[PDB]
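Visitor: Give me the fold of what follows.
(2 chains)
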Amino acid sequence: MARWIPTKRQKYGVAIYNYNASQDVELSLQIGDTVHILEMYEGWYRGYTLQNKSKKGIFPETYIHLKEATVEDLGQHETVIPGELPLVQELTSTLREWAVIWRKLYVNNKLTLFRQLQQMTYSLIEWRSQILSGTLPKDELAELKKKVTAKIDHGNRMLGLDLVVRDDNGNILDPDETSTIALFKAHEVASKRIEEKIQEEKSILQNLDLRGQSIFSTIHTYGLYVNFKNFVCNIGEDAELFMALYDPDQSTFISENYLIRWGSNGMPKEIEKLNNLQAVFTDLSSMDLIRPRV
Amino acid sequence: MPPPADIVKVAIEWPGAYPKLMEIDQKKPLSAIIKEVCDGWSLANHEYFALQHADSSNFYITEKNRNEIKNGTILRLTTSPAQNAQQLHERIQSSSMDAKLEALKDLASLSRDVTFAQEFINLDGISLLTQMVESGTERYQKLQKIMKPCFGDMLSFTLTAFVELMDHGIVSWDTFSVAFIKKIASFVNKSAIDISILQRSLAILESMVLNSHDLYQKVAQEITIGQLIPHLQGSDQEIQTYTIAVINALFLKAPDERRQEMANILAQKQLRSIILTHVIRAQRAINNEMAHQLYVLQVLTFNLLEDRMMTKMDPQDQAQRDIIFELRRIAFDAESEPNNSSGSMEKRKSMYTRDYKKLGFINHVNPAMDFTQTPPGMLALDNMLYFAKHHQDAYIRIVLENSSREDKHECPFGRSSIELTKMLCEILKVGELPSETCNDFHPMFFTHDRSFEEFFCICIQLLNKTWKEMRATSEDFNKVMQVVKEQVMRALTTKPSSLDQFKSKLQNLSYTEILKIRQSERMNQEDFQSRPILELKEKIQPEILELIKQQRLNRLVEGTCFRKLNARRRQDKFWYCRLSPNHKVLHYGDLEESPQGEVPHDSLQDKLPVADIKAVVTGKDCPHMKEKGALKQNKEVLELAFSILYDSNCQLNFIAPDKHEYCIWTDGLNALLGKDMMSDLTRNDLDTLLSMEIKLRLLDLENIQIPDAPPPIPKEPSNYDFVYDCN
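Guide: Numbering: from 1, shown residues only, chains lettered A, B, ... in the order given. The protein structure is shown below:
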C-alpha cells in the first residue's frame, strides 16, 4: 500500500476473479475489471478503475493479470498480428456501448431487435475470440475487419449512433483529422454504406432474390452442382447416362454430358460413384442465367 | 371448456350379450343410455343395472365418469352399483361359505369403486361382513375346525373388503366390532398364519391405529412388540413392512414419555440391529416403503432424543452440574490435582477460569454456560455419558489435549461438544418429524442404537485429528466446526453402513490426500461452467433481478384488459388494471371493453394498497374456484384464475387473458410483496442476460486463462507512504 511508482506499463490492470473488500477501494472484482493503474508498488497495484477513472483500486499484483502494454496492442506489439487489435479494443468499447443499450432495451419492448442485437453481438464476439490470435490468414483477417465493421455500423445506425470510418485496418486511421475533404468523403462513403444496409435489410427482410442477383452481378462463373442418387428403373442391360444442359430457347445443347455407367441390375455399373454421383456444371455466365427457358 | 367427444364409437357389452359397437351419445342423461343398452339385450330395469368400463375398472359408469370412454373403450352392462351392492349384502350376512368367499373377494376388489361404494355404504353391508366373520364363525365352527385354511382365507378377504371400503370414509371406521379386533388379535398374537390373513390383518392394525389413538390404545394390549418381531422375521418382506408400520404408528401415538419407554423396548428387542441383520444387511430388497420404514425407525430414535435436544434443562441444576462435574473429573483430573474434584467455590472458580481460558470460553465462571444453550443442552452431556461407557479414550484425550492449550487453538470441549452435537443432529436430522417425504435410511445408524453418540465422539475425534492438520483455532471455532461439517458431508455422502465403514470414511477425511480428488472433480465440473467465475456472476445478482422487477412494474403500470369472473353474458372480459406510478394503488374494476387497453383514471376499483395484500392464490386455490355452484370454472382457466388477497374478505378473483402475463403479474405483485418471481420468463431472461454480462467481463483476460484458485496476497509496505503519490 506504499512505494508506488509512476509508470504506464500497467493500464492493463486486470482483475482475476472475485476480489475482496480487504482494501479501501476493493470488492468482488469481475473478470474485465480494468483499472488504469498509476501507482506502481511491487506486490500491489492501485490505480484508477475503468468504471471510475478518478477512483483507485488497490489490487494484489498477482491478482493483477497485468499485460505490460496499454489498451493498445501494437506499440509494443501485443497484437498477435500487426494492424488490427486497435480494432478489437474499439470493438470492446462498441460492446460496452451495446451494454448500456441492452439495459435500455427491456425498459421498452422492441425485443425483436434485442434478439438480433444478441446475435450480431455473438458473431462479433466470436470474431473477437477467433482473432484473439492470428488464427485466420491475413487476408481473412481483412475480411473479418470488413465484417466486424459492417456489423458495428449496423448496430450504430440501429441505435442512431455516430458513423465509424476507415472501413479496414482500424476504423480509426481516417478520423485522425489529417485532412478535411478526404474525411468529408469518408463520411460520405459511410453514409452510402448505411443507405446500402437499410435498403438491403428492407429488401432481404421482405424480398429474397434481388440480393442473389446483386451478388451474382460481380462474379459470373457459376456451377449447378448435382449429386445424382439412383435411376429408379431396372434395365436388364448395360446403360449409359448422359447429363447436359439443353436450351429450348436456342433449340440446341449447352454443356458436355456428364457420364454415368449403369449395370443391367438397376445398379450403376460403377459403384465407387453410387455414393459420389457428383457433377458440377460450370461456365454459367450472366447470359447463361438470364436466358428465358433452360 | 369443451365437453368430450359426445358421440363415441364404443363397444357395449353385457354378461351373455354379444357386444355391439355403437356410437353412443354422452350428453344424454345416462339413465336413458342404460335404458337403450338394456333394450339392446331385450332388457328393462335400467336403473336396476349399470354400464361400466369393460376395461379394468369395472367402475359403474355414472353421469360423472362418462367422459372417460375412449373410441374403443368397451362398455359392459351389469347389475347397478346398488344391485351389485345388494346382491353382495344378502350374500354377505349369509352363511353358505363358498358363496361368501366369492362375494367377499369381489367386495374387496370392488370396494375402491366410489359408484358402488355409495350404495353399499347406504346399504350397510360392511356390518354384514361383521356378521359373516364374527357370527359366521360360530354358526359353523364345528367344520370350521378343519376348514380354517379356507375360513382364514374368508376372514382375510373380509379384512380386505372391510378396509378397502373403510379407506373411502363414507362408511364409518367403527363398523368393525370388538369381535373383529378379537379375530385380528387371534392373528397377530398367534404364529405364522395364511399370508393373506396376516398381511391384511396387520394392515387393519395400522389402519385402526391410524383411525384413533384410542383404537391404538385398545389394541396395544393385543399389539405387542415381542409378538410383533416375528412379523419382521417373516421372510415375506411385507410382514416386515407391516410390523414396522405398526411400530411407527405406536411411536407416533405413544406419548413421548411412553415413547422413551418403547424406545428402550425397541433397543432391547434388537429392532435396530435385528432389522439391520434381517432387512438392511440381510438379502431382502429394501423397497421404497421398507427404506422409509428404516428412515422412520432411525428418526423415531432421533425424536426420542428430541425431548432432551430442544428442551433447555437447567444449566445450574445441581444434579446435572454434578454430572458435568464427574464428566470433568474423568476429563480433567489428569492435570487437575484431585483437590479440585471436591474443590471449594473459590477453587471452583479458579479451575473453571484456568482451564476454560484453556477452553477459550467467553464466560469462565460456569461450564454449564456451555450447556445453557439448546439444542442439545444436557443431550451433549448424554453424549459424553456415552463416552464414559464407550469412548473414554476419546473423551480423555480430547479434554487433556485441550486441558493445557490457553491459546486459541483451544478445543472448547463444553462449547464444542454442545455445538457439535447440535450441528450433527441438524445434519442427521436427529429429531425431525418422520414423514414419507424422506426415504433414505442409513445402515450406519442401524448397526448401533447410539450410532449418533459414536458419530459425535468419532467426529470430534476427527475434528481434533485434522485440528492438528489445519492449525484449527477458536476464532475459527465455528469455522473449524464447519470444516468438520464439510468432512461429515464428504463422509455421509458415501452413505455409511456400519461403525467400521463410518470410521473408514472419517479416516478418509483427515486431510491426507483425497481432497485433491474432490477439488479435481470440482475442476472437471467447472470446465463447462467455471465455478469461481460462477461465484463472480451470481454474487452480483441483485441488479438484474431488480431491473427485471421494475420492468414488470412498468408492465403493471401499462397493465392489460384483465378478465373477470365468468366473463360470459355481456360482462367486461376486458378491463384495465393500471399500476400507479406510486406503486401502491391499482386502478381496475368493471372497466369497459377497451381496445387501446388502459383508460388511466380513477377506475371502478381505483385502489389496491399492498398494505392489505396477503398473497395471490393461483388456480383452484382461488376462493372463487372453491365455489362449486353458479361460479364453477373449468380447470382450463387454472392458469388464468388468480385471487389476489386483501382485506381478508375481498379478493381479486379474476381471469388472465393468457399464461405468460399471468406469470408476469404474479411476479409483479410478488415484487410488490418483495419476494421471488414465478415466471419461467424471469428464469430465462435473467440467466441469459447475466450470463452475457459476465461473458462481457472475460474481456480483460482473453487469449490468456484465469487462475481458478485464489492466488495469494503479495505483501505490501504496511504504511501508506506513497513513492508515487495518489491523485
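Visitor: and the longest helix along chain B, which residues are buried?
Guide: Counting by DSSP state H, the longest helix found in chain B is helix B:141-166. Neighbour-count burial for helix B:141-166, counted by 16 or more other C-beta atoms under 10 Å in any protein chain shown, picks out B:144, B:148, B:151-166. The C-beta positions use only the backbone N, C-alpha and C, and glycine is treated the same way.
Visitor: OK, contacts around the single nearest residue of the stretch 101-250 of chain A relative to chain B?
Guide: Using C-beta to the nearest C-beta, the closest approach of the stretch 101-250 of chain A to chain B is made by residue A:132 at 4.0 Å. By C-beta atoms under 8 Å, 6 or more residues apart in numbering or on different chains, the contact list for residue A:132 reads A:80, B:702-703.
Visitor: Quickly name whichever of the residues you listed is closest to residue B:588.
Guide: residue B:702 (51.1 Å; C-beta to C-beta).
Visitor: quick one: residue B:607 and residue B:585 touch, right?
Guide: Yes: Residue B:607 lies in contact with residue B:585 (C-beta atoms under 8 Å); the separation is 5.2 Å.
Visitor: So which residues of chain B form strands?
Guide: B:7-14, B:17-25, B:49-53, B:75-79, B:561-562, B:575-576, B:578-579, B:586-587, B:616-618, B:641-644, B:652-655 (DSSP state E).
Visitor: Contacts only, for the residue nearest to residue B:624 when sequence neighbours are not counted.
Guide: Leaving out its chain neighbours, the residue that sits closest to residue B:624 by C-beta to C-beta, 6 or more residues apart in numbering or on different chains is residue B:653, at 3.5 Å. Counting by C-beta under 8 Å, 6+ apart, residue B:653 makes contact with B:565, B:622-624, B:641-643.
Visitor: Kindly report the same for residue B:710.
Guide: Taking C-beta under 8 Å, 6+ apart, one finds residue A:17 in contact with residue B:710.
Visitor: picking up where we left off before, quick check: bridge partners of the residue nearest to residue B:624?
Guide: residue B:643 (DSSP bridges).
Visitor: quick one: residue B:643 and residue B:575, what's the gap?
Guide: 16 Å (C-beta to C-beta, to the nearest Å).
Visitor: Pick the one among the contacts of residue B:653 closest to chain A.
Guide: residue B:642 (22.3 Å).
Visitor: show me what contacts the closest one?
Guide: B:616-618, B:622, B:652-656, B:662, B:665-666.
Visitor: What is the burial count for residue B:377?
Guide: 25 (other C-beta atoms under 10 Å in any protein chain shown).
Visitor: ok, now how distant is residue B:660 from residue B:685?
Guide: For residue B:660, the distance to residue B:685 - C-beta to C-beta - is 12 Å.
Visitor: now the strands for chain A?
Guide: Going by DSSP E, chain A shows strands at A:35-40, A:44-49, A:56-60, A:222-227, A:239-243, A:246-247, A:252-253, A:258-262, A:278-284.
Visitor: any chance of the ones you listed in JSON lines, plus mean neighbour count and distance to residue B:630?
Guide: What follows is the strands of chain A, written out as JSON lines (neighbours: other C-beta atoms under 10 Å in any protein chain shown; distance: least, C-beta to C-beta, whole Å):
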{"stretch": "strand A:35-40", "mean neighbour count": "23", "distance to residue B:630": "69"}
{"stretch": "strand A:44-49", "mean neighbour count": "23", "distance to residue B:630": "66"}
{"stretch": "strand A:56-60", "mean neighbour count": "24", "distance to residue B:630": "68"}
{"stretch": "strand A:222-227", "mean neighbour count": "12", "distance to residue B:630": "69"}
{"stretch": "strand A:239-243", "mean neighbour count": "13", "distance to residue B:630": "76"}
{"stretch": "strand A:246-247", "mean neighbour count": "14", "distance to residue B:630": "77"}
{"stretch": "strand A:252-253", "mean neighbour count": "10", "distance to residue B:630": "83"}
{"stretch": "strand A:258-262", "mean neighbour count": "16", "distance to residue B:630": "78"}
{"stretch": "strand A:278-284", "mean neighbour count": "15", "distance to residue B:630": "73"}
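Visitor: what would these look like in a markdown table with distance to residue B:273?
Guide: Converted to a markdown table, these look like this (distance: least, C-beta to C-beta, whole Å):
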| stretch | distance to residue B:273 |
| --- | --- |
| strand A:35-40 | 65 |
| strand A:44-49 | 62 |
| strand A:56-60 | 57 |
| strand A:222-227 | 74 |
| strand A:239-243 | 84 |
| strand A:246-247 | 93 |
| strand A:252-253 | 96 |
| strand A:258-262 | 82 |
| strand A:278-284 | 76 |
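Visitor: Now render the ones you listed as a markdown table, adding distance to chain B.
Guide: Below are the strands of chain A laid out as a markdown table (distance: least, C-beta to the nearest C-beta, whole Å):
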| stretch | distance to chain B |
| --- | --- |
| strand A:35-40 | 5 |
| strand A:44-49 | 5 |
| strand A:56-60 | 5 |
| strand A:222-227 | 38 |
| strand A:239-243 | 49 |
| strand A:246-247 | 54 |
| strand A:252-253 | 57 |
| strand A:258-262 | 48 |
| strand A:278-284 | 39 |
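Visitor: how many other residues sit next to residue B:486?
Guide: 13.
Visitor: where does the residue of the stretch 251-400 of chain B at minimum distance from chain A fall, phi/psi-wise?
Guide: Of all residues in the stretch 251-400 of chain B, residue B:360 sits closest to chain A, at 25.9 Å by C-beta to the nearest C-beta. Reported as degrees, to the nearest 10, the phi and psi values for residue B:360 are phi 50, psi 20.
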